[PDB]
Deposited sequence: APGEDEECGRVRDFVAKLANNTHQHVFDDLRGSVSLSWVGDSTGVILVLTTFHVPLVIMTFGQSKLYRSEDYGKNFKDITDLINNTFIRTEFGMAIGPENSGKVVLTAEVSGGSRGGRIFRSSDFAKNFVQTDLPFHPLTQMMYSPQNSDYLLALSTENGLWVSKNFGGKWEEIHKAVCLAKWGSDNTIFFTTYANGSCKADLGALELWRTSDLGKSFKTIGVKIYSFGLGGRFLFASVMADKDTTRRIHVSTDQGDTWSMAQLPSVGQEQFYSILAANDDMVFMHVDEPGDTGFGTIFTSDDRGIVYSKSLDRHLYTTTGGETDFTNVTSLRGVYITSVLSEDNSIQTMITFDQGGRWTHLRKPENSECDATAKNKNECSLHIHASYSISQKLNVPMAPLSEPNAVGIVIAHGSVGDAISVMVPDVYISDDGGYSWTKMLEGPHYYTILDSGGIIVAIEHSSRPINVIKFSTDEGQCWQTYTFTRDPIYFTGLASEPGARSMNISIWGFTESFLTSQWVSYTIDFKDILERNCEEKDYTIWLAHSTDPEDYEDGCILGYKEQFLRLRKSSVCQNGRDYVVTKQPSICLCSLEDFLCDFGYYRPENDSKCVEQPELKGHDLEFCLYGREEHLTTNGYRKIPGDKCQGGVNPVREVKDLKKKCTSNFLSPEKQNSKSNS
């Protein structure tokens, strides 16, 4: 360990300073498209008084991954941009930026500045309304925009915000579906807060020319992968139930899920083409609830995890899709003793379990036994309680296996200052990566992991690893230390450019600055076929025939070798071959009406929300797990 020599030379010329405006202003960063290098930076000075009197927005634009910027404030004339709305960037490489300008007193509608050539040219456009929300793009067409007004009217544009037309008047919530469909709720007599529970859900397939009332007595709605969800109030009651439609609200079916009071809430934790994870808050503001995984129809729900930590009103939950490995999800749970623990599922919420203790760790003060304990992960709740946690867990799909996160090693989540931990196998095994809290980033699909220390002092050092966090080279990137604020790499983790943001120590003033580093010379050579190695995902018992079967299949990957030092590339694709396992009874979840004593699904004599689902239809008592792809073997 410590392999590399003369790396300082290879990074010195590739480090790129850029000073911006002083700390009298506030910076806001936004990327525009993949493989572009196009970053926008909006400096904003505001001294807010009784009315608008002083304020200045400047706009900068890079196109070399943030190494150099050109001032483009002239392209928005001399206009103040409202940060609240932000930089509405279009999907894909559409190159469609839209800013929202402040307007004078008594103006009938607001103003926007909009480019569609990666911020090379903007054009001014006065609106017929004052917008309330940021302008949502349609995913199918980047020229199609919806926006909500300050008078609750839903406006739509076909020509990239050039001309707008009010499709409907009394709109609360609205969002795009597939094929340019617009689902939205609307009120009748009183406002959204008052009419909450007696709203009605509308649909338009043709940009508001035609309409269809797809639901009534609505609390709210949501889109989750293939499914359309709607919370619906029980008539002559304050309770509500979740209803589901797979055909854009033409036909509905009530979900096999409990009804909830007004104190409680449902939450779409995660959703794909296969299934949904649904949180249901336990009544009486207890601060937890219950995860339910759906079937492929989104209708029958198995109870996945009890006592799931989710704070009141929503907002805070530690539920984390580990994107670097299939079927893996980490979250936090409350104990009976009121201590928070971290559970991991490897089979999409079939079985949950504690995380394995890392090799290079002692068990902390929370642990009963000094030698035997588990890993616990800091995420959104830890951050909300103001613990010394600079980042939530990080994983990238293209960096297969890699999960980086802060944590504590014991019987529960500890208030003490955490170290950073890494798994290279999607969270089966763990290791202490770095000592004390850091900010972290994955570059080149795992080829380089980068880390900056979280410090009250200013800093001038960046730690990097070419062998997935086992060995760490330390690089001094500036002679003048900075108070670090954040990192910015290109989304997708395919770049080799990291931008270290912060502000200077106090001289005449303090000023915003970004040191951008390219690692292209550190990984001078591209990776050949010899650099990769065969890796079975989910391996427990290598000698076993069913080893690595999760949702009825295995996956053998071509992972990059740790010792190998090379660029994966931008064009890099995750090479994997699946092995289809034989079906067992474990590959089938129990259909409605059936359960497991012990493991075989057997009918039940029906209480609670089961009885309600039965009353308000035909089955052998088994159904295939959604996304389960086993063939042959057991079959009821």
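Going by the record, the unmodelled stretches of the deposited sequence, in order, are 1-7, 606-607, 615, 627-631, 652-678.
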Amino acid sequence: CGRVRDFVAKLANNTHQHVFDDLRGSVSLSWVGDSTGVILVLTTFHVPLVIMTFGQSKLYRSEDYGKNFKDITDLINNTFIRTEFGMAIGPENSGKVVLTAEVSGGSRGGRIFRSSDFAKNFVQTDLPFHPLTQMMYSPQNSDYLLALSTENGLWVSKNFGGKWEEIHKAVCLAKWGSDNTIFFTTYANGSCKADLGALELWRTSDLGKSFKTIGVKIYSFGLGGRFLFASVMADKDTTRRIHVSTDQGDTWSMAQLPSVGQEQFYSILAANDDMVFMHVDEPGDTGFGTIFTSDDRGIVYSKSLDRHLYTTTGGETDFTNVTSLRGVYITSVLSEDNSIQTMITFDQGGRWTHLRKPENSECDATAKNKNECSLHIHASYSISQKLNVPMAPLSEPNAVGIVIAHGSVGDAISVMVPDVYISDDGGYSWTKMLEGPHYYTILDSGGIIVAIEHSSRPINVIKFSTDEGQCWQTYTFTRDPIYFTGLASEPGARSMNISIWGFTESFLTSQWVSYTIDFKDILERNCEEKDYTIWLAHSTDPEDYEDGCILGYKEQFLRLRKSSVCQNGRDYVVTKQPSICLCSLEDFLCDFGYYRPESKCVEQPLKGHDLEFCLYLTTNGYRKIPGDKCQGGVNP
From here on, numbers count along this sequence of modelled residues.
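Just going by the entry, 213-221 versus 377-385 on mean CA temperature factor gives the higher value to 213-221. Note on 411-419 vs 93-101: mean CA B-factor is higher in 93-101. The PDB entry assigns its highest CA temperature factor, among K463, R241, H279, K357, to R241. Among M254, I459, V400, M496, the highest C-alpha B-factor recorded in the PDB entry belongs to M254. Sort the chain's modelled residues by C-alpha temperature factor and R307 lands in the middle third, per the entry. When the modelled residues of the chain are ordered by their C-alpha B factor, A12 lands in the middle third. Compared with the other modelled residues of the chain, the Cα B-factor recorded for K70 ranks in the middle third.
Per the deposited record, the Cα B-factor of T540 falls in the middle third when ranked against the other modelled residues of its chain. Ranked by Cα temperature factor within the chain, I76 sits in the highest third according to the deposited record.
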